[PDB]
Every structure is written in C-alpha cells, then in structure tokens.
Amino acid sequence: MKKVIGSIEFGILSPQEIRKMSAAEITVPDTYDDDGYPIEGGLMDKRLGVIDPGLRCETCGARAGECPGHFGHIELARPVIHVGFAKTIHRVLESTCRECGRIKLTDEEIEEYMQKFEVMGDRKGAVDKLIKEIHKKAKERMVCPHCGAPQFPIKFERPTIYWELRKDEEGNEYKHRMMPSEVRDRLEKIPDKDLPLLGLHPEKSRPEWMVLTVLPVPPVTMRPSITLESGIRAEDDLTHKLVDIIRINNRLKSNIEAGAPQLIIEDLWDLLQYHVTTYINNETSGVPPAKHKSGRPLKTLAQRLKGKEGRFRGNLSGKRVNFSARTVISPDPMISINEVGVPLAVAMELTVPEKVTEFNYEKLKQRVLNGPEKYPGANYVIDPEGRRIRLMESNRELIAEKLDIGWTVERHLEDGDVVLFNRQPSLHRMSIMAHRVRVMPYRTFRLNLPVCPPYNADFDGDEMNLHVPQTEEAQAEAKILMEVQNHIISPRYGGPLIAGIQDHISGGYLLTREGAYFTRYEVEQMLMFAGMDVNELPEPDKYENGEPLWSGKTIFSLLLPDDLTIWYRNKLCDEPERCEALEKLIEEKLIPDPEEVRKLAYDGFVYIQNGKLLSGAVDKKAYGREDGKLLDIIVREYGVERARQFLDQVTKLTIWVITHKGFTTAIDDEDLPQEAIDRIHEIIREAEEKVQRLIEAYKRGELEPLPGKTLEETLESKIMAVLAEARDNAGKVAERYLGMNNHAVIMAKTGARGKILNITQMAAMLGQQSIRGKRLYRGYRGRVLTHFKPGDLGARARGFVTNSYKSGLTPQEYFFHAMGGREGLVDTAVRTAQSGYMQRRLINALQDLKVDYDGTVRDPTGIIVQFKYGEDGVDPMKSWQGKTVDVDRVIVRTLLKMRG
DNA sequence: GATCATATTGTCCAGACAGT
DNA sequence: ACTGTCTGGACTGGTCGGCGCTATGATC
RNA sequence: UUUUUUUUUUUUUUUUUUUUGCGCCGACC
Ligand SMILES: [Mg+2]
Ligand SMILES: [Zn+2]
Ligand SMILES: [Zn+2]
C-alpha cells in the first residue's frame, strides 16, 4: 500500500553514518575534463548521480531527470569545528570537566534537575530556561565535584576559536589555543547520562559529532551543472566551495605525510576550517565571505534555506504551479457575480481532466473528435494504463473510436466550469474566490463590478490570476466553500463586501428619487435588460398627456421579496423633522396605511413595507459596501442565492437607468456665483488678518502659552486652527450654493464616488498644505521659498493655498501642493511594507489556531487557547453588527410577519 | 605556436553582557 | 540590582520585460 | 664411533531488447 510521514526526528549525522550513506569518496577537485566527460573521483562523478541526458548513473542505473542523486563523503585530514554548533561546543566545554569528563554538578543537583526535566517537557521555553540555568550553575564551578580536578575559564572567539586561560608555573595567565582535535577529544569523554543535562541526546546528537571529521558532499542533483550558449560550463557556488575544500584538504594531507613543521600544519588547518565555515554559512560574522573570481560573494547551504528566495519561503511555503493563467481584467456587468470571463485562447490551452463515465461518454468522445484546434475539444487523452497521449489531426479519430470507460480526457474549458480567481496581494481570504467559466472571444479576463471591492481591483491595467483545479476533491471544495455568493458578508466586520458601487448607487438614486417617472417602453426595456421575471406591468401610478407613467419606486419594489419590511435613515437625510413624522407614524400603528405613508414620504427616510418602497431613495446605505442595510438583511433573511439574484438584477436595472437617462459632469458643476466668490475671498482675508494679528501678538509677547507647549508651538497650533476653521467656512459657503441637481453633488452625497470636500477644493479653495502634521518649513533660512521674506510666519508663506483648482494655483501654491502630494505618496509607499510585514508576522503567529468540534480553540500541542471561540461561539461573519443575536430586528420582523 | 594546475581568505528592536 | 554597550536580524506579495556576467599566466 | 619431519578424486555458455545562478535598472497593480 502507501504510507505517510508521521513524525520527523532531527539530530547530528555521525561520521560512521556519513561514511555508510556515502556512495563514493571524492578526492579530485576537478569536475570536467577537456572533452566534457565527468572525471572519476571528482565532484561530478557519476556515482553521485547524473545531470547530462546521455549520462548513466553508476549507483542507480537510471538516466537524467529521474536519478535522485547520491551523497558522497570527504575524509578530512584534520577535524574542523562546525560553525553552526560553535556556541553549543563552547557551552558544553564550559559546563564539563576538562579531564574527568563529567558535568560540573553534584549528584543531588543532577537528580533534582532530572526530576525537574520530566515536569516541564511540553513547553520548549521551560526546557531552554532550565538548560541556561544548568549551564550558568556549572560555568562558575572551578573544581569538579566528581574528581577534584582544577578547571580554567574558556574564552570563545568568533567564529570557531576557543581559548583556555591556563596558569603558568609563576602564576602568570596565558591564553592557550584549543585545537579542534583537542576539543573533540574533550567532548568524547562526556558520558551519555550527562547529555540530557546539557541538552543533547545520547543516541541522536553526541557532543563529539559537532566537530566534523567527515564532510558529506551533496549529490549532483542538489548542485546541478549547466552549459552556456558558448559551451562553457557554469558550475554552482557549492561546487566551487567544495573544489576549494578538496584542494585545501589534499594539500594538508600531503604536508602531513611529508612531515611538515607544525607552523605549516596550523596554517593549513586554519585555511581548511575557514573553507568549511564558509561552506556551511558564507554570511558568518567576523569571517570574510567567500568570493568568486569575478568578485561575487557565493551563497551556500545556509543561504539556500533562509531568506525570501530560500528553500522554505521560495519553494516550500510558496511555489509556481501548473494550469494557471494571467491577463488584464476588463469590466463585464452582463455576467453574474458568480461568473468570470475566460478568453477562448486561454480556455483552449487550460484543460480539465474528466474521466469517461456512462453519463458523459458521448460528450467526451465529441471532445476527442474535435481535437485541440476545434472548440470545444481536447488536447490530451490518458488511457487506464496511465500513459498520456497527445491529440493531433492524425490520431484524433483512432483515439475517439478507442475511448472507453476509465479513460481520462483533458478537454478544453467549458461554460459552468469552476476556476479560482485571484488578485495580488492577497490581504484577506476574499482575495481568492471560485467563479464559473464564461468563454469570450477577446484576450481579457472579465469580472463583475460588485466583485471588485473584495479584490480591491480597478480597471486601470490590473492583471489577475486564474487557477483551474484538476482533481474532483479540489473542484468540489472550490464549488462548495469558495464560491463568490458564499462570501458576500465580510467576516472582518460582519457587513456586506460584495455590494454595489458608484454607477449602481447613482442609478438607484436616479430611479428611486422623488418625481422620477418612466414610460411603458422604458419600464419594459429595463425589465428585459435586468432579467426580471415580469410578464405583465403593474397599474400605472399616474397619467400625463394621456400616456401612462410608472414611478421608479414601483419598479424598484419588484426586486424585493414580498414579505420584507425595513425602515431606516439614509445619507440623504438633511431634515430630521420630516423623518420624525414617518417614525412616529410607523411606531404608533406598526402597520401604517400605504396611502398615509406616501402623503408624508421623504427621500431621506427609506421605508419598505411588504416589499414595496413606500418612501426614501437609494444610496450607499441601501446596498453599498459596509453600509447597505437592505442587502445585509436580504443575505441574512433570504440566503445567499436570493441575494445573488437580487444583486445581479439590481445592478443591471440601475445601469440601464443611468445609461439611458444621461449622467454627466462638466466644467459648470464647480461654477459659483460672484457673491459666493466674494464671501470666500472675505473669509480668506479675515483668516489672513487673524493670522497676522496672532503673529503680531506673539512678537509683542502678549501671546499666552498653552499648557505643555512653548510660544512657537502655541502660535503654530492657533494658526493651524484658524486656517482649518477658514477652510470649513469656505466649504460650507460652497456647499450652500451647490444643490441636489448637480451630478457631482449627487455622486458625493449618495456615497457613489468622491466626497463633499473633493468638490470644495475645486470650487472654493484648497486650504493649508502640511507635512507630518506641521506647516511647511523645509527650505531656506527662515523661509520655505526665496520669494517670501525671511522670518515670515504668515499663512501664505507657510503653505496656505487661497486659490482653488478652478481658479488656478500660483507657482508657490503649486510647489506647496506638490510637497503635500509627495508626502502622501511617500507615506503610502512606506506604510505598505510595514503593514505587509505585520500581516506576515500575525499569520505565522496564528496559523495553527482552529475551532474544534466542542467549540474550543487549541494549539497543535493540545493547550486550550479559548474554551469557546469569541467567548460565545459565534462566527464574526454571521454576527449582527458585532453582537450575538439582533433581538430587536428578530422581534420586529416576527411581529410584522404575524400581524401582516 | 598548444596545454596545465591554480586560482586569497543601514535605522531600529531585542537579547546577552561588563561596569558601578 | 540598574545602565549603557555589543551583537544579531529583518527589512509587503505578485507580475511585466531588459541587460550583462560567470579564466589566466607559464612552459613544452 | 652417530641424534629430532612428512605424502594422493565431484559446479555448465565463448554471450544478449528540455538555460541555472548573481546582481542592477525601469515599470504595473
Ligand atoms: Mg489599479
Ligand atoms: Zn543515481
Ligand atoms: Zn571531573
């Protein structure tokens, strides 16, 4: 059968294990000869694997691409210290007797630590603290309790140098260098019983194994060799490092065999130690990194695992995948929110493997007969034996007549297929959702507009990735869990995320506003466009010139369910006295007459009774993101499919309404009368006079300092407050003369796009430009620009733009606005990286937490983090405004349903 | 004029550490 | 027991494409 | 007129079915 990995046990490889697992001994530094054949005994020996296609492995007998590679070994002439175990070696040497070999602890202390180790074993932090305490206790001891032999302090010098402070005959203290052979001999005397006290395992990690005597050379598959376009081989950095190691080891062995003096032996030993240390880690502190001939700092085994481009993050936690596509996205309101537009070229390339069954034999046979060049067709066919056959014109008929039950047909992407649609960066779980394939002739992806806010995607050149699941389990998981309609409500705040946007909101406002009426032709056309299942028109609301007319509220009410009742205040409510009468009428009777409601109907108060929009207008509070009460109620009380249908119908209806009525903005939308401009100029002049008076008072010393601040900050705060008040007054003056008939004002007030402040800047004035919360000061001595006098603290000299976008900015005001915009762009480009790093840290901290079947949240070890998730066991996605149950809404809905 | 060994050894935050 | 100092580390994801670079000195 | 060496049977053919890495620069979202 098949087996899976249950657990992984780590340790230090013994020299005997390295020798036994080795397939060959490497002694020749050279890799390839002049003819290009591998050299026997070299680093590219065929016993370690094969890279070239024509080569055959002497250990496996297989060809390139399927030989896994085999490890070698190098017999070092002298032992060397592993740089990754240097601190542990120093700690163990400090914590152990030099000649006796036992740990410098009493028997009672050893027993006490042995019993304490069993109690604290689950938490690795407790074990680390116990190890540190044992090391600290054993370090201060200068006499071994087991034998009474005197001890000397051991000094550790980076990277792998150990100094022993021995005492001379006259009492002088001199440093004695401990060679790796002496260190290994000292480590060999430690018994197995003291190893748990030192944090080592008797059978897995012996202390003497931390001093390397046999170096395992990696297989050639781990360090592949390529050839360039000019025929010159490009060896890996590990290959060059191993070449240097082999050369130095051979030179050291030859010098040892030649009886060289000890001075040469120490130099060669140090060179070999440096080479081994750089091979293990080329970024070790205090070590000059190994450099290539061209000057390139080589990357080694340590660099291949850590970092963004390491083995873990770059190849294990994340990697490139097959059956994926990426292209520019384009809007498509005609498709549903559950659908994605797939190009025909993309569909004809990406394939889904479908097994031949009894109920789909004819379809797959037709797909095979069509071939790869005829849509809908197939590209590959897999027999039950498991081999893959490519489909072409010559053999498409032979395969088609040979098709049977159990075959696999890699047909092209068809309508209704489930694929993954993703936009980067993936900040939340809504960044990847499963859509339905819709095949289109052009070369762009198509995404429905309400699905843009979950992706945070616009259409100014955005590109998105498409993934096609290949297994039945993955397809089922995508279809059940990751469908678009299943994630309308955002789990972050428990509100709508897949909601209407600017044009939908504007069209809804245009349709549902007071005085909006449509002819029979317009109503029928918008009903056909929206796909609503309406066969007969309702009774006309009024007649004009002998022609029937339908109110927009009547057309909008066809979308709502017949048993839906809700009332609230939208963003268009500017006269609360009109909403108060409606609220009192609703409260008094709880079933108000529809004629009575329409008599005192107000656009700012939306009231839906039994699915009929009796009052109010559609805005961002209707079905907008994070504010749509109607959409949120529809999701919670009618399911996700009904909500998806409602969204698909209402988006098309509002799009038709806004398209044929005519929505536009012009240069006269920001126009203001002369009296408004005069008032704005008067406000600006008054603010400038106030700033000048404050400056004069500060110069005369009459300014009262604020608590906790000196005169300069007090004056700056007063000036900024005055300028902000002036900007607010100018904005109010501009808002006074901009009525509801303005399309830009409609867009700002309905929440479709933009703000009132955006219209204020173009109409009245820009205001004060500031960076880092302070007025502009960077420039010359005492002045931002030379055009102003030195020492001028006035508003105009510090970044107060009196002009507006329509009036035209002065060059100084242009420079100030450029400073502000640069500050904003820099702030965004700096904040993004910190936010991403914090998100990665949080993800890695809370990756393993999940809710068990009993409602508890536990770590993989088993420690209970929460006895109930959220202390109430309620999903934030299904929570009503952060609460457990919306009691008032339930009571009101039940009472209305039973009394209606 | 062809080949062959050899080719060098950037601020900030947090934990550990001499000094008083 | 505090306090300033030395040392280690990580530096948001994806995508697009381009542009170089991967021997040399001394015999026989 | 003289010592201290030993001896024997069971394993077959002329040969065979797919550019990695390094660093830089610009740019999109
Ligand atoms: Mg964009
Ligand atoms: Zn092999
Ligand atoms: Zn001892």
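No value in this document is a laboratory result; all are computed from the given coordinates. Neighbour counts run over all protein chains shown; Cβ positions are idealised from the backbone, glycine included.
Of the DSSP H helices in chain A, those with a Cα length along their own long axis of 24 Å or more and a mean Kyte-Doolittle hydropathy reaching -1.0 comprise A:237-257, A:262-280, A:629-661, A:674-700, A:711-736, A:811-845. Candidate cross-link partners of A:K850 among the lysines, defined by an alpha-carbon separation under 23 Å and a same-chain spacing of 8 or more, comprise A:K124, A:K479, A:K868, A:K878, A:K883. Here the label points at A:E25 and A:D671, each 7 Å from Cα along the C-beta direction, are separated by 9.8 nm in the simple model. Other residues with beta-carbon under 14 Å from the beta-carbon of A:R858 carry, at +1 per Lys or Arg and -1 per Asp or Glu, a net charge of -3.
In terms of its C-alpha gyration tensor, region A:114-263 has an oblate overall shape, because the principal axis ratio a/c (a ≥ b ≥ c, square roots of the eigenvalues) is not below 1.5 and a/b does not outweigh b/c. Each residue of region A:58-73 was assigned a 3J(HN,Hα) from its phi angle through the Karplus curve 6.51 cos²θ - 1.76 cosθ + 1.60 (θ = phi - 60°); the sequence is 7, 9, 9, x, 9, 8, 6, x, 10, 6, x, x, 9, 7, x, 8 Hz, with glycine and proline shown as x. Of interest is the spacing of the C-alpha centroids, which for region A:137-182 and region A:848-894 amounts to 60 Å. Gap in Å between the Cα centre of region A:75-132 and the Cα centre of region A:712-755? If you average the Cα positions of each part, the centres end up 70 Å apart. Measuring max minus min along each principal axis, the C-alpha atoms of region A:451-574 give extents of 63, 39, 37 Å (largest first).
For region A:722-815, the square roots of the Cα gyration tensor eigenvalues, ordered a ≥ b ≥ c, give a/c of at least 1.5 with a/b greater than b/c, which places it in the prolate category.
Computed from the C-alpha gyration tensor, the three semi-axes of the ellipsoid equivalent to region A:3-323 are 40, 26, 18 Å, from longest to shortest. Based on DSSP H segments of at least four residues, each scored -39500 (n - 2.57), chain A has a per-residue ellipticity at 222 nm of -12000 deg cm²/dmol. 3J(HN,Hα) couplings calculated from phi for region A:3-10 with the Karplus curve 6.51 cos²θ - 1.76 cosθ + 1.60 (θ = phi - 60°) are, in sequence order, 10, 10, 7, x, 8, 10, 9, 9 Hz; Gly and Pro show x.
Please work out whether region A:351-412 counts as rounded, prolate or oblate from its C-alpha gyration tensor, where a ≥ b ≥ c are the square roots of the eigenvalues and a/c under 1.5 means rounded, while otherwise a/b larger than b/c means prolate and anything else oblate? In terms of gyration-tensor shape, rounded. The Cα center of region A:460-481 and the Cα center of region A:532-591 differ in position by 41 Å. Normalising by the residue count of region A:3-323, find the relative contact order in percent from Cα pairs under 8 Å and 6+ residues apart. RCO, region A:3-323: 20 percent.
For chain A, taking the reciprocal of the average inverse distance between every pair of different Cα atoms yields a Kirkwood hydrodynamic radius of 36.3 Å. The value for region A:287-384 of Rg(Cα) / (2.2 N^0.38 Å) is 1.85. Placing +1 on each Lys and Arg Cβ and -1 on each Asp and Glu Cβ, with no other charges, gives region A:58-196 a dipole about its Cα centre of roughly 500 debye.
One decimal place: the segment A:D875-A:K3 gains 310.3 nm when fully extended, by the rule 0.36 nm per residue minus the C-alpha distance.
The equivalent ellipsoid of region A:747-795 has semi-axes of 34, 11, 7 Å, largest first, where each one is the square root of 5 times an eigenvalue of the Cα gyration tensor.
Charge dipole (Cα centre; +1 on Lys/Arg Cβ, -1 on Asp/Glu Cβ; no other charges) of chain A amounts to roughly 1980 debye. Dividing the convex hull volume of the alpha-carbon atoms in region A:656-708 by its residue count gives 166 Å³ per residue.
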